[PDB]
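Only one chain is given next, in structure tokens, and it is the form deposited in one PDB entry.
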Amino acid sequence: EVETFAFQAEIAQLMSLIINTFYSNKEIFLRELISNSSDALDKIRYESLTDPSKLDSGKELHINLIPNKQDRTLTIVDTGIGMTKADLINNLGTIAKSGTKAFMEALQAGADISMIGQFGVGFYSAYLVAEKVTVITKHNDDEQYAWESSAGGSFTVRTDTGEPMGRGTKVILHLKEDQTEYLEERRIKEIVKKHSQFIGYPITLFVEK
């Protein structure tokens, strides 16, 4: 049972701008998603400070980067707070309408796409390198859900019957054909060292073969 939703017009506009603007510095997508994961881990850690049972769904707080050349996917896994179904529909827990408004005014005022995270909508930088993004998520207060969008103005949400997650979020990037450099170990390592060297959670780059 799959539900299909229309993006708010402003988010569809952000999404087409990310897809269509000529902008070579695409690697910042990874910094933005890792920072989102770090924010989500911060939230569940804070909740656990007064309620340790919040970690019954998993005590480890970490970020995994999983490239798969056969599927042409890069997956960013975290064990953060996750999101509810309501969160997923509400622009993946962001204030994306007002964030997009501020971002695009900054862009016409000299800013560039790499500054997207300063406006709270860094997630959508995924579409710099991904033709499709799948988000699997499990929040302590809800069931496991899968969000998916290939842009084009719509996204789907369904209950996820896939592998149980315990708690956290999985962002699966179905990479564009010419963006497979982000599946190579040395390229991912370089980006993590350049842009994510002070993230306060272990980042494990999985290897293949």
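Between two forms, the rigid core is defined as the largest C-alpha subset superposing within 1.5 Å. So that there is no doubt, residue numbering starts at 1 and follows the sequence shown.
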- As stated in the PDB record, which stretch has the larger average Cα B-factor, 44-52 or 30-38? 44-52
- Greater mean Cα temperature factor according to the PDB record, 55-63 or 159-167: 159-167
- Message: By the CA temperature factor listed in this entry, which of these ranks top: 91, 118, 137, 134?
- Response: 118
- Message: Please say which third, lowest, middle or highest, residue 148 falls into when its CA temperature factor is compared across its chain.
- Response: lowest
- Item | Chain thirds of CA B-factor: placement of residue 84 | middle
- Query: Against its chain's modelled residues, does residue 2's Cα B factor rank lowest, middle or highest third?
  - Reply: highest
- Message: Split into thirds by Cα B-factor across the chain's modelled residues, where does residue 189 land: lowest, middle or highest?
- Response: lowest
- Message: Looking at the temperature factor on the CA atom of residue 113, which third of the chain's modelled residues does it land in?
- Response: highest
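Keep in mind that the form deposited in another entry is missing from the display, and what follows is about it.
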- C-alpha displacement of 2 Å or more between this form and the one not shown on the rigid core, among 92, 77, 136, 129: 92
- Message: A 3 angstroms or greater change in CA distance between residue 117 and residue 94 is reported in the other entry. Closer or farther than in this form?
- Response: farther
- Task: Would you mind telling me if residue 93 and residue 202 are closer or farther apart in the other entry than in the shown form, C-alpha to C-alpha, with a 3 Å or larger change?
- Result: farther
